[PDB]
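Chains as they are written, first to last, in the authors' numbering: chain B, 1 to 33, 36 to 48; chain A, 1 to 45.
Here you go:
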């Protein structure tokens, strides 16, 4: 489990970064956007 | 860097306190569900 700011994709495509790095099960935070910014978080199960 | 323990009634608010203190990039060590809410142990370098 980790929390990452990822990258300023400037596009919702940044979600791909989140998936390729964090995975398919993730919690996205602060997607408040020159580019865009999004901090997401995966948890370690149980 | 450091390692800190966090509590919140919900997982969202616990993730928020981890962000407001450790920052946008951190390592989640623990997400155990404790009586009264959730405990998250996180670390940042």
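Idealized CB from N, CA, C, for every residue including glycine.
Reference residue i, options the options, closest by Cα
i, options, result
"residue 30(B)", "12(A), 39(A), 28(A)", "12(A)"
"residue 28(B)", "15(B), 38(B), 47(B)", "15(B)"
Distance cut-off 8 Å: residue i Cβ against heavy atoms of the ligand MG
i, result
"residue 2(B)", "The ligand MG is absent from the structure shown, which contains no ligand whatsoever."
Cβ separation of residue i and residue j, assumed to be a contact under 8 Å, to the nearest whole Å
i, j, result
"residue 4(B)", "residue 25(A)", "6 Å"
"residue 22(A)", "residue 8(A)", "Contact flag wrong, Cβ pair sits at about 14 Å."
"residue 1(A)", "residue 34(A)", "Going by Cβ atoms, the distance from residue 1(A) to residue 34(A) rounds to 25 Å, so no, they are not a contact pair."
"residue 40(A)", "residue 18(A)", "6 Å"
For residue j and residue i, the rounded distance between their alpha carbons
i, j, result
"residue 36(B)", "residue 6(B)", "15 Å"
"residue 10(A)", "residue 32(A)", "12 Å"
8 Å Cβ cut-off: residues of chain B touching residue i
i, result
"residue 15(A)", "3, 27, 29, 43"
Chain B residues whose Cβ lies nearer than 9 Å to that of residue i
i, result
"residue 19(A)", "3, 29, 30, 41, 43"
Next item on the list: Pull out every residue of the segment 23-41 of chain A whose Cβ sits closer than 7 Å to any Cβ of chain B, in chain order.
Entry: 24, 25, 26, 27, 28, 31
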